[PDB]
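Below is one structure, written out as structure tokens, with a few remarks after it.
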Amino acid sequence: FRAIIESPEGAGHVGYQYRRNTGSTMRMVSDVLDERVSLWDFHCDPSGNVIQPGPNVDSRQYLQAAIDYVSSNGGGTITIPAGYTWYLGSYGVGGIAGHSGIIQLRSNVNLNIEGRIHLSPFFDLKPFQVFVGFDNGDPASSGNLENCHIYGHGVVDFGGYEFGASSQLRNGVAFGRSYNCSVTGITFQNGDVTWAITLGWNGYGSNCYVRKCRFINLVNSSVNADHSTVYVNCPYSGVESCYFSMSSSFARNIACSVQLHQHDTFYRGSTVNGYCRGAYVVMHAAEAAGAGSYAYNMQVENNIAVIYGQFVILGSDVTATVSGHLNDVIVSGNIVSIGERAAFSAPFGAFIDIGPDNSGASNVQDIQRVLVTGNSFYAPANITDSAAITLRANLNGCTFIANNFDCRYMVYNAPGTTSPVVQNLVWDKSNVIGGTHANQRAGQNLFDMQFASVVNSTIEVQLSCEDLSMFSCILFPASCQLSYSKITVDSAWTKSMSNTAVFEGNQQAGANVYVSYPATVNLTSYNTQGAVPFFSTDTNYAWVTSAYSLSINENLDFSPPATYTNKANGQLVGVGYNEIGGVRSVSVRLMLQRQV
Amino acid sequence: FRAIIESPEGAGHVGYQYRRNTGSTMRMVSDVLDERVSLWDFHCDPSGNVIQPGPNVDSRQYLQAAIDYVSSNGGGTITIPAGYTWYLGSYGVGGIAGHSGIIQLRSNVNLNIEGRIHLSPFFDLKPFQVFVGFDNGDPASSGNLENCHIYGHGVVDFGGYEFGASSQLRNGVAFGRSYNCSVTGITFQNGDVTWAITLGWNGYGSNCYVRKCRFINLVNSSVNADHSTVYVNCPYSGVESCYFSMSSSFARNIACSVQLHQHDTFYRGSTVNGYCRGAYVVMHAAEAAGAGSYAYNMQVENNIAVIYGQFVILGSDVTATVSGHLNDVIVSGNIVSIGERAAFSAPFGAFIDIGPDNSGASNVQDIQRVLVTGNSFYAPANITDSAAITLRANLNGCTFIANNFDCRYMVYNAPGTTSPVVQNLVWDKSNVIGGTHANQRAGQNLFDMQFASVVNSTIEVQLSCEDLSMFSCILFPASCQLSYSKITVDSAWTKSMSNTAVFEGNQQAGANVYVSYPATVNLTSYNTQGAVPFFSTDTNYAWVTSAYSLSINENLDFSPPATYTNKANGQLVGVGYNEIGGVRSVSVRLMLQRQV
Amino acid sequence: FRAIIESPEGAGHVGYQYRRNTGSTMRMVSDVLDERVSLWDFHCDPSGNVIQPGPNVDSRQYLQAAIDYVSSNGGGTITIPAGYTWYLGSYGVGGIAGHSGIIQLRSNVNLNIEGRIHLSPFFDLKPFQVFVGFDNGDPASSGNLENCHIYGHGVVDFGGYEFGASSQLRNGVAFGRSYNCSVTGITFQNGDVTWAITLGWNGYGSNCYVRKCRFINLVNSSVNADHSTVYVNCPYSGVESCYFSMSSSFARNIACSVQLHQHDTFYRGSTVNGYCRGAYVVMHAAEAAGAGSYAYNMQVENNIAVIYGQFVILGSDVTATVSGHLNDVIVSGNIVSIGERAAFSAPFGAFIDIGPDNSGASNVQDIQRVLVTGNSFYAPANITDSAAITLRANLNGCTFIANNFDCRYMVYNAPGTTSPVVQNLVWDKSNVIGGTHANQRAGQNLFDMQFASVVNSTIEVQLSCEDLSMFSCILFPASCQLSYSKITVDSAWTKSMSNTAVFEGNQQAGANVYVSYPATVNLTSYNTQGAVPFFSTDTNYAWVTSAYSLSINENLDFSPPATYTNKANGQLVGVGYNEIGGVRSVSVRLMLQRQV
Ligand SMILES: CC(=O)N[C@@H]1[C@H]2O[C@]3(O[C@H]4[C@H](O)[C@@H](CO[C@@]5(OC[C@@H](O[C@H]1O)[C@H]2O)O[C@H](CO)[C@@H](O)[C@H](O)[C@H]5O)O[C@H](O)[C@@H]4NC(C)=O)O[C@H](CO)[C@H](O[C@H]1O[C@H](CO[C@@H]2O[C@@H](C)[C@H](O)[C@@H](O)[C@H]2O)[C@@H](O)[C@H](O)[C@H]1O)[C@H](O[C@@H]1O[C@H](CO)[C@@H](O)[C@H](O)[C@H]1NC(C)=O)[C@H]3O
Ligand SMILES: CC(=O)N[C@@H]1[C@H]2O[C@]3(O[C@H]4[C@H](O)[C@@H](CO[C@@]5(OC[C@@H](O[C@H]1O)[C@H]2O)O[C@H](CO)[C@@H](O)[C@H](O)[C@H]5O)O[C@H](O)[C@@H]4NC(C)=O)O[C@H](CO)[C@H](O[C@H]1O[C@H](CO[C@@H]2O[C@@H](C)[C@H](O)[C@@H](O)[C@H]2O)[C@@H](O)[C@H](O)[C@H]1O)[C@H](O[C@@H]1O[C@H](CO)[C@@H](O)[C@H](O)[C@H]1NC(C)=O)[C@H]3O
Ligand code: NA
Ligand code: NA
Ligand code: NA
Ligand code: NA
Ligand code: NA
Ligand code: NA
Ligand code: NA
Ligand code: NA
Ligand code: NA
């Protein structure tokens, strides 16, 4: 009996019944212990003696054996024990080798990481993906990963190692073709990686989530080509209540927190500091296989960010046989700033960027039905390169309502670069334009409409303080066609501006252009006593449907007209009043109106 | 000794002290095992031998025995083990039998569902409620359920069985008169049910929540009368970060994701696909016993939905002795579309519906202080039956600010049906009206004001592109009284519209109606050289307080007035200028204004 | 052998191998039991015999021994078992004694509270902090607490004891200088305390969170000086999805739910009932040591509240050597009401308060770049003391867009109290002003601008129903300077108001003041037949740049001007038309405009 009890089957001979309940199962101790499983149950030598983890022990084969075994019983949760650091020091074998994989995840096998998982110096200057849910080196030939959850209070530490070559890839968790998989509570830290977590593969997958995770210092070298902390490449998936922080200079130029690349995906309630970019919201044609060629129902909400480049980047593109489309997007409730930096020292600061494709093409995009509402954006006064929207590629629609934008430009695109075709750009009057950059705008147009064309668009400019340094509130170069559009500049804070709206090709004269803006106009009257006409000296008002006075009348003996219409020769005309006769000459501030 | 050790009391004779710590308790192994409990501890035959679960084993009595026992010790958490499917194959007995109950929940007894719970074919064509927290067949005589949490990565599978009769009810979890109860992480799938989860009973309960659950394919037949996935019938309760999906045709006509039926309830951060409706926000008088007759502090925020009918339905109603009231509601940050379907093939598409009671009555409602803000709504161009709001019952107030609505109608109610009494409907100018349905609106009014009366309301219409197909921007039939209201149509994109605002009963003449809209007006002048009057040929402008030109003047020799007032006979009059004399005749586009 | 097996080392001699897997570790039963730990492992007498908890057992030393031991092994999670109430009945010793501490938390040692922790009557009329993460009585000399998480379905019950003296402090969890610490799922109840949870210390700490907790009845006496349920005093931290309830009268006068006192902090998705205040958003100079002197990236979103005082209070202040600054704040998506109460029976009702410092100073604040958007606020009609914003201290900027405010005042400050200096106050026209207080406003100004000065501000007043009881829509006393500002009153619902905008110092005449509002004006014409001038009888319009008719013309034989300008003597003048000659005299409602 002593032999049996001291043997590995001993617990299988000690009887147990829950709480001495006579109605409970008559079990053995081993049965109850078998209800849970930990890395300790596989972390042993060939004789079955436990091995202590440590920097000189490679725990990989043992964790893999645990996963393989639990998988074979239909699943369960393997605990990675608290109070220990478990080092990984070799590559996995088989289907994950094509992904530089360390551990292969399996369906229905959850990992409760309570301790620490650390990469050993074997991985220095090498590629790696720590956990991989693909089962084949070719993702198109891979099976699915289902019902795999990684959670706990533990840590994945990437060892601080730099990339060896820019062409290498590194990742924390690649769920693969992933259905009902998640990471919750985990801290990913101290690395130079491409991604921390990737969900899905080219639209294959569903219901994958990253929640309450921390991502700290995951870019550290000039070799790192690019970094996006979470890449969401399956629909009905997203990122919620996470924390993302970088301290490296390199991160300010290369790092983004999230990629939302399939329909019905979201990024909410998260805090970002030290990154270049917040989130891309994109449909890549090359990623359209599993869920279609449309990214729709895309949500970026209630995030807090300090970034150095752009908050949300919108795009779509094409391959030889597939066209990507982006539509039905909402960006709301976010509070975002460009961190302290010199002008032009990081990628151009923006709340929204309409980004050209990876080859720089600006004529492949199909982006529409986007609502940007209830956000606040701030950039310090010295940051010349800061805009509410950098509109750098073709845009089929974007709507701004009730935001507060406090930066250098509202709408911007650089002259002599791309010439976007713009449709359905709507900037509602409820967007509040801050004053941080007042007096910084010499030579600059607040809305700098450097486009090929603008149609079906609305720009309602409302200032909230004076900035007499700017060249204009809104400027259209002669190369920009403008039609079926409404462009207004409210008069408040504009009395002393030389230029308010500027149409360098006289585009405001278009049949279906609806415009109003302030201007200074010189008038002269006829001599007649009584009701008497006043006429503008200049003849550039053939497009004006009505105008009205924004100036007081300092005179007693006469008054100019309150309101004006035009004449065929381009003069304004109105009827004033001469109490006493005489030719009058006045300079008046008018609101010029066309069809409004 | 061998006898004792091999007996069910054996573990109670093997000593243990935590980590050989001399300061720790000297325990027995059974004491430590007794800290946890699983279904295995009760899933046994009358001799105490464990029984394997499977499709031919009814696990119900064993799970019930586990719950009953743990309850008797003041509570705890019972694990339903991973790697097994536990089938239920009979009805429960006692107080839950009146609810077609399977398992009776008890207070302080949590269920950690890691494996799968599946209904056996016993339940085919039958009613059932899988988990029931009532302790009496009459809910009014039931005790409370407190501190009961169901959570884990597991699954409740309803076996795919159709309803046997439309009058049957099916549910997953009915917490009952439930205080501090929740479901977290669970997947409910593969059924034809009435509800997945119900919280509370007629206002009795508090602090009940559904979080991070999935609801997949829970309607599958034409027999199913109605489906709402979660019914929230207790205050201080709600649904967060859930996923709801249906694939059946029937679901598009009958299924809603959530009912919010008591005060201080919420629905946030969730994704819905394949349903008829998003959420009802309702006070039923028949449900007012536990928490009063007011549903207030109701929140529907930051959800993503593809539906076929209406997103949010508002209502309240009465019984013989109780009147229900709905107020203090916020609907914000949601992105919603009507999915691809033929016009009129599902219930009328809407973002907000003001829904008549279950008997069709439209004169029992008391709905006010609702804020709908920062949402986006889209319906494909062919969907005639799509509206920002279908206003089908009496409304005491609803406020729309800063939404983007891209569908056929803005405000709609069908003529020849109900005649709501409308008060305090506010449609702010910051609502952006999309252009998807441009050119589809022959014979249709964008705001079709088919009401008995409208008072204290604001409609500020702002187009963002042309749609010359529509009959009018806004139309009031002669049967609709209109008073103490502001109705404006911005001129942008309206120059070529025959009708902008239409008042078929000349209601715009009311003493406290404030209106402005564009119109085309024919004028003739007197012969006089110099300042000269122009008068309208028609006499239907007795209500106009001022008008101004929206047209250019192609003439050199004269100009019509910039601005006009009226005369007692209903003509417009203004003072223009004849450089040379002559009777003039012009047709001008004017902004007509009344009291604005 | 029997001796060994019955001894505390017995489990260390019974062999086990997971699921009889020949590839698994050959362990002993004690090894597997050692993977978990509970209070039972330390809750024993000096001979190692287990002690049952209860109201006459002080569990403190045992829980402390458990924490101290697990800490020494590098951490883990200690379960506090379900089905038992564990009483605490003495103070801790050492570093926590200076904090009236009971239990000392240690790094990496989590507490899974499943049962109940209750304070014994030892603590009646005494100070206490139940769990303390400081390790020194002087916080400036304390070490850090890291990686400490408290979670579960359990309860902390404060025994209902009143404070003994107002100067005492009581707390539930003081994490201290806390990095990666959290409380999740716990119910804190039945107390008279200062705080339930405090995060951080004077800016030291990071990544601390309170999620899914309940706070119920934590103020019960007149002795309690002040209460804030969660104080967030470290950056990158916040409160999400919590429930806060009070029933005591005292709570309505003293209690706030949250303090956000460091940068990158948030309060979201929570429900509050019975409190005085929602949240303070503040930078105290005295708290600036660990994270700097700026509170920025502050977020209060998507909360539901019934309160009696103010929802969000903004402030910053100074010490002898440090100045605090508050900027980059967003308050969005909240639905808030003042609960039923008599006027003036609790602190002044407000959605936003700009609060003077703790000494009452209103000239130390530096608050700017605040966005308040998409919120709804309601106060019952009798509550005179209710305002969208009580602006009681110096303000450098606050922006309101797309809110719905239904209360007595929009902007308020009490006359004869503080005289704030106001800059960059922006009230967009998209704010909807409710009608609950219509007819209650005798003697009152809707926007009561009781300030020293206002600059760079925008107030666009838009009514949505009539209230002829109010004295004015907006009033500036003569003591308030006004410059570089835009003040407009839309005409809708204003026709019968005697006063719309009132400038008691004629401030609207300022060179850079842009204003428009309705007024009634008496005019007389000259006798001349034909085009004929009309002039105002009064001479107080020297500041008017244009005016236009808001009245119809009941006359046939003449018409007054549609539009007017002014003259040097302060008369309005315009050109009307006398079909037949005669001196005319009319009273007209005009929109008066200055520079707009
Ligand atoms: C499936 C569902 O919940 N449908 C919703 C309707 O519920 C009733 O619920 C329907 C609601 O009335 C409407 C609200 O819109 C209408 O909109 C609300 C209706 O929406 C359906 O989605 C609900 O009434 O009214 C609005 C206000 O006037 C108006 O604006 C709008 O335009 C209208 O359309 O929304 C849904 O459609 C609701 N439907 C569902 C499926 O939730 O109809 C239900 C049909 O299933 C259900 O009635 C049945 O069940 C009750 C309850 O069953 C008894 O009690 C329980 C406790 C025991 O366990 C059972 O064994 C049984 O004894 C039966 O009495 C009734 O005869 C059945 O037809 C809804 O009942 C409520 O169910 C909840 C959840 O279980 C209970 O907590 C609550 O006590 C029940 N309320 C009442 C009054 O009985 C019923 O409200
Ligand atoms: C109960 C509470 O937190 N009240 C809030 C006030 O806190 C002080 O906190 C109050 C805040 O000052 C005000 C802010 O609004 C006012 O608004 C802020 C005040 O709001 C109360 O709600 C807080 O100061 O100032 C604004 C800015 O100028 C202005 O806009 C506004 O109009 C003003 O009204 O908000 C609340 O009212 C705060 N009150 C509460 C209860 O949080 O007052 C507190 C009273 O309890 C408290 O002071 C006491 O406690 C400190 C701390 O105790 C020592 O240190 C700790 C670490 C040890 O454990 C203890 O044993 C003890 O040695 C005592 O020094 C002091 O003498 C007591 O009166 C607040 O102190 C801060 O407590 C937090 C949380 O524990 C600490 O992390 C922090 O270090 C403390 N800060 C300071 C400067 O001591 C105090 O700020
Ligand atoms: Na590869
Ligand atoms: Na890139
Ligand atoms: Na990137
Ligand atoms: Na029943
Ligand atoms: Na129904
Ligand atoms: Na329904
Ligand atoms: Na102290
Ligand atoms: Na205080
Ligand atoms: Na307080």
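By convention here, the chains of the structure tokens are called A, B, ... in the order presented, each chain's residues are numbered starting at 1, and ligands are numbered starting at 1 in the order presented.
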
Give me, as JSON, numbers by chain, the residues of chain C touching chain A, with the criterion being at most 7 Å (counting only C-alpha atoms).
{"C": [13, 14, 15, 16, 17, 18, 19, 24, 25, 26, 29, 73, 74, 75, 76, 297, 330, 332, 371, 373, 401, 402, 428, 430, 456, 457, 458, 486, 514, 531, 543, 544, 545, 546, 563, 564, 565, 566, 567, 568, 569, 594, 595, 596]}

As a quick test: using only C-alpha atoms and all ligand atoms, which residues lie no more than 10 Å away from ligand 7? Give them as a short mmCIF file (atom, residue, chain, number, x, y, z; two decimals) with N, CA, C and O atoms, in the first residue's frame.
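Saved the output as result-v1.cif:
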```cif
data_model
loop_
_atom_site.label_atom_id
_atom_site.label_comp_id
_atom_site.auth_asym_id
_atom_site.auth_seq_id
_atom_site.Cartn_x
_atom_site.Cartn_y
_atom_site.Cartn_z
N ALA B 225 -43.21 33.81 -32.14
CA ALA B 225 -44.08 35.00 -32.17
C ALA B 225 -43.32 36.30 -32.11
O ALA B 225 -43.79 37.30 -32.63
N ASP B 226 -42.19 36.32 -31.39
CA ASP B 226 -41.52 37.58 -31.01
C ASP B 226 -40.23 37.23 -30.29
O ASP B 226 -40.18 36.22 -29.61
N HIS B 227 -39.21 38.07 -30.43
CA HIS B 227 -37.93 37.80 -29.77
C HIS B 227 -37.27 39.10 -29.36
O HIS B 227 -37.18 40.03 -30.16
N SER B 228 -36.84 39.17 -28.09
CA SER B 228 -35.97 40.23 -27.61
C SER B 228 -34.87 39.59 -26.81
O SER B 228 -35.12 38.88 -25.84
N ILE B 254 -38.95 40.05 -36.68
CA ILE B 254 -39.45 39.91 -35.31
C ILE B 254 -38.46 40.23 -34.19
O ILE B 254 -38.90 40.43 -33.06
N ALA B 255 -37.15 40.19 -34.47
CA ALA B 255 -36.17 40.17 -33.37
C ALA B 255 -35.63 41.54 -32.98
O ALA B 255 -35.24 42.32 -33.83
N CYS B 256 -35.58 41.81 -31.67
CA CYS B 256 -34.91 42.99 -31.14
C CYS B 256 -33.77 42.56 -30.20
O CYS B 256 -33.85 41.50 -29.58
N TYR B 280 -35.89 48.73 -27.61
CA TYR B 280 -37.03 49.48 -27.12
C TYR B 280 -36.61 50.18 -25.83
O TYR B 280 -35.92 49.60 -24.96
N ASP B 357 -48.99 51.92 -28.77
CA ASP B 357 -49.01 50.83 -27.82
C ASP B 357 -49.35 49.51 -28.47
O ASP B 357 -49.58 49.45 -29.67
N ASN B 358 -49.34 48.44 -27.67
CA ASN B 358 -49.55 47.10 -28.20
C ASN B 358 -50.95 46.89 -28.78
O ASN B 358 -51.16 45.93 -29.51
#
```

Within 6 Å of ligand 2, counting only C-alpha atoms and all ligand atoms, residues as a PyMOL selection string
chain C and resi 98-99+139+194+198+201-202+226-228+231+233+282+284+286-287+314-317+355-358

Per residue of chain B within 12 Å of ligand 6, note the shortest atom pair and the distance in Å to one decimal, counting only C-alpha atoms and all ligand atoms, and order the rows by chain and increasing residue number, as a tab-separated table.
```
residue	atom	partner	partner_atom_place_in_ligand_line	distance
B:95	CA	ligand 6	1 (Na)	10.2
B:96	CA	ligand 6	1 (Na)	8.7
B:97	CA	ligand 6	1 (Na)	8.0
B:98	CA	ligand 6	1 (Na)	4.6
B:99	CA	ligand 6	1 (Na)	4.3
B:100	CA	ligand 6	1 (Na)	7.1
B:101	CA	ligand 6	1 (Na)	9.3
B:127	CA	ligand 6	1 (Na)	10.3
B:128	CA	ligand 6	1 (Na)	10.3
B:129	CA	ligand 6	1 (Na)	10.1
B:132	CA	ligand 6	1 (Na)	11.3
B:134	CA	ligand 6	1 (Na)	10.5
B:135	CA	ligand 6	1 (Na)	12.0
B:136	CA	ligand 6	1 (Na)	9.7
B:137	CA	ligand 6	1 (Na)	6.2
B:138	CA	ligand 6	1 (Na)	7.1
B:139	CA	ligand 6	1 (Na)	8.4
B:140	CA	ligand 6	1 (Na)	11.4
B:167	CA	ligand 6	1 (Na)	11.6
B:168	CA	ligand 6	1 (Na)	10.0
B:169	CA	ligand 6	1 (Na)	8.8
B:170	CA	ligand 6	1 (Na)	10.9
B:171	CA	ligand 6	1 (Na)	11.9
B:174	CA	ligand 6	1 (Na)	11.7
B:176	CA	ligand 6	1 (Na)	11.9
```

Go ahead and write the residues just picked, C-alpha atoms, as a short mmCIF file (atom, residue, chain, number, x, y, z; two decimals), in the first residue's frame.
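Heads up, here's the output in out.cif:
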```cif
data_model
loop_
_atom_site.label_atom_id
_atom_site.label_comp_id
_atom_site.auth_asym_id
_atom_site.auth_seq_id
_atom_site.Cartn_x
_atom_site.Cartn_y
_atom_site.Cartn_z
CA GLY B 95 -41.57 26.91 -7.82
CA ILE B 96 -39.89 27.02 -11.22
CA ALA B 97 -42.40 24.63 -12.84
CA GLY B 98 -44.82 27.51 -13.46
CA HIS B 99 -42.04 29.10 -15.57
CA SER B 100 -41.28 25.92 -17.56
CA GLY B 101 -38.04 26.04 -15.64
CA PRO B 127 -41.53 25.76 -23.79
CA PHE B 128 -38.57 26.18 -21.42
CA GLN B 129 -36.60 28.62 -19.32
CA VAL B 132 -34.90 30.53 -13.29
CA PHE B 134 -38.04 32.90 -9.22
CA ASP B 135 -38.89 30.55 -6.34
CA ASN B 136 -42.66 30.54 -6.95
CA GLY B 137 -44.85 29.97 -10.04
CA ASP B 138 -46.50 33.32 -9.33
CA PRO B 139 -43.84 36.06 -9.63
CA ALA B 140 -45.80 38.36 -7.27
CA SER B 167 -47.99 31.07 -27.51
CA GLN B 168 -45.01 29.25 -25.93
CA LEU B 169 -42.21 31.07 -24.15
CA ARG B 170 -38.51 30.21 -24.09
CA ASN B 171 -35.65 31.81 -22.20
CA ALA B 174 -34.63 34.53 -15.97
CA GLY B 176 -36.41 36.88 -11.45
#
```

Non-local contacts of residue C:102 (6 Å; only C-alpha atoms; under 2 positions in same chain excluded) as a ChimeraX atom specification:
/C:91-92,130

Write a file of the selected residues as a compact mmCIF listing (two decimals), in the first residue's frame, keeping C-alpha atoms.
```
# COMPACT_ATOMS: atom_id res chain seq x y z
CA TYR C 91 -5.27 48.38 13.90
CA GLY C 92 -2.24 47.28 11.93
CA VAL C 130 -8.99 49.29 5.79
```

Among stretch 84-228 of chain A, which ones does DSSP assign to helix (DSSP H, G or I) (computed from the backbone)? Answer as an MDAnalysis selection string.
chainID A and resid 94:99 121:123 139:141

Identify all residues of stretch 364-495 of chain A in strand (DSSP E or B) (DSSP on the backbone) and supply them as an NGL selection string.
:A and (367-373 or 376-378 or 386-391 or 395 or 398-401 or 404-406 or 409-412 or 421-423 or 425-427 or 432-433 or 442 or 445-448 or 453-455 or 458-461 or 470 or 472-476 or 481-483 or 485-489)

Please provide the set of residues having any atom within 7 Å of residue B:343, restricted to only C-alpha atoms, with same-chain residues fewer than 3 positions apart removed, written as JSON, numbers by chain.
{"B": [382, 383, 384, 385]}

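Straight-line separation from atom CA of residue A:90 to atom CA of residue A:111: 19.6 Å.
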
If you measure from atom CA of residue B:513 to atom CA of residue B:483, what distance in Å do you get, rounded to one decimal?
5.7 Å

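Between atom CA of residue C:352 and atom CA of residue C:480 there is a distance of 21.4 Å.
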
Residue B:477: which residues within 12 Å, counting only C-alpha atoms, same-chain residues fewer than 2 positions away excluded, as JSON, numbers by chain?
{"B": [413, 414, 415, 416, 419, 445, 447, 448, 449, 450, 451, 452, 453, 454, 474, 475, 479, 480, 481, 482, 501, 502, 503, 504, 505, 506, 507, 508]}
